[PDB]
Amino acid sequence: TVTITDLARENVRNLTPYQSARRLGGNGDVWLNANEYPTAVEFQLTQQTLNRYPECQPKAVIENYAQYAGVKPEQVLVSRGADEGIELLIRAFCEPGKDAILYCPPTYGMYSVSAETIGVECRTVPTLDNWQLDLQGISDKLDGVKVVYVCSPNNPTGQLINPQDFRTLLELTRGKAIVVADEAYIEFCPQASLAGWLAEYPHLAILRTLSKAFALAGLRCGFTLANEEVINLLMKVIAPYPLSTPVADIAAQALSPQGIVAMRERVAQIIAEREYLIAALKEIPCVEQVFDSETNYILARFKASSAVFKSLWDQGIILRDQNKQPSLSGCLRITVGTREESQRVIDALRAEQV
């Protein structure tokens, strides 16, 4: 007898689905584990046309985002979060069982998840001690690689990749692979974006999202910025109707001029709050080292991190354990929320210090 499981693909049977879930409904009061904006921003529907299919790429959304990002509308693609953007790039440039992707741990886990699920080889070149790119290492492992993912600022470490090294990487991949800069957190450091580099690099793609700074993770709305050639190719592999009407509706509102002003105020808010938490964390006894951040989360190495993580978890303070990530032994990622939430963490951590 053959079981349904035997009919499934081998890679599908062996893979471990992404570990994002870690809920405790009604148990945790403070959520600082998903890099979400701490407060809800309300939006109501304005288009009551739900009986009709939406546009494959809602015009209002594409133009409003292109205006905001400073690029041409033909250089923008909108999808179900930056997660889908990650999938699309692999789906269009990587031949299963032949080509490979390359990323540098410790970083965002979906690059690997998508590739492994799709059936594409994952090539890894860990970043250096300061988490900057190991350029020499990358140059020696580009064979068969079609897509390179580099998160900047990086998750979960928080720092920006030296643009000078991005220049090098883009030169190493010229005519060989697509370089994808994941800018899911660029809103917190807009001046460090590579969006203006499109004219110089035909193989440069950029991932963006409304989940983080825009405080609309609930919409599952993201974008890919790239030259026409690339965008047109991705459009050939995307689902016919990737964005729902209600999402296109509120997303377009969120991208209006006033929406951008609000977003920027949310950023200033988070940055100011981050610098507070960072200053306070360095003084706490159980805190060994706090790493610089250009995002809405802070990575810190603790003394007995598993114990600390568990302690705060039992107290309703939900953080994000990084202990199992390469080079991040003893580290926990703390999302920046409100002043009250930061104070909860601070006090709680001071209650440790053993």
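From 1 onward, residues are counted along the sequence shown.
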For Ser342, do at least a third of the other compared PDB entries give no atomic coordinates?
no
Looking at the other compared entries that model residues on both sides of it, is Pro54 unmodelled in at least a third of them?
no
Comparing mean C-alpha B factor in the record for 311-319 and 294-302, the higher one is 311-319
Output the stretch having the higher mean C-alpha B factor in the entry; the candidates are 345-353 and 2-10.
345-353
Among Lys282, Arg220, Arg91, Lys176, the highest C-alpha B-factor in the PDB entry belongs to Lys282
I'd like to know which of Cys286, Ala69, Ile62, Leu328 has the highest C-alpha temperature factor in the PDB entry.
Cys286
What third of its chain's C-alpha B-factors does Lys236 belong to: lowest, middle or highest?
lowest
Of the three thirds of the chain ranked by Cα temperature factor, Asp165 occupies the middle
By the record's CA B-factor, is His203 among the lowest, middle or highest third of residues in the chain?
lowest
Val145 by Cα B-factor - lowest, middle or highest third of the modelled chain
middle
CA B-factor placement of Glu121, once the chain's modelled residues are sorted into thirds
highest
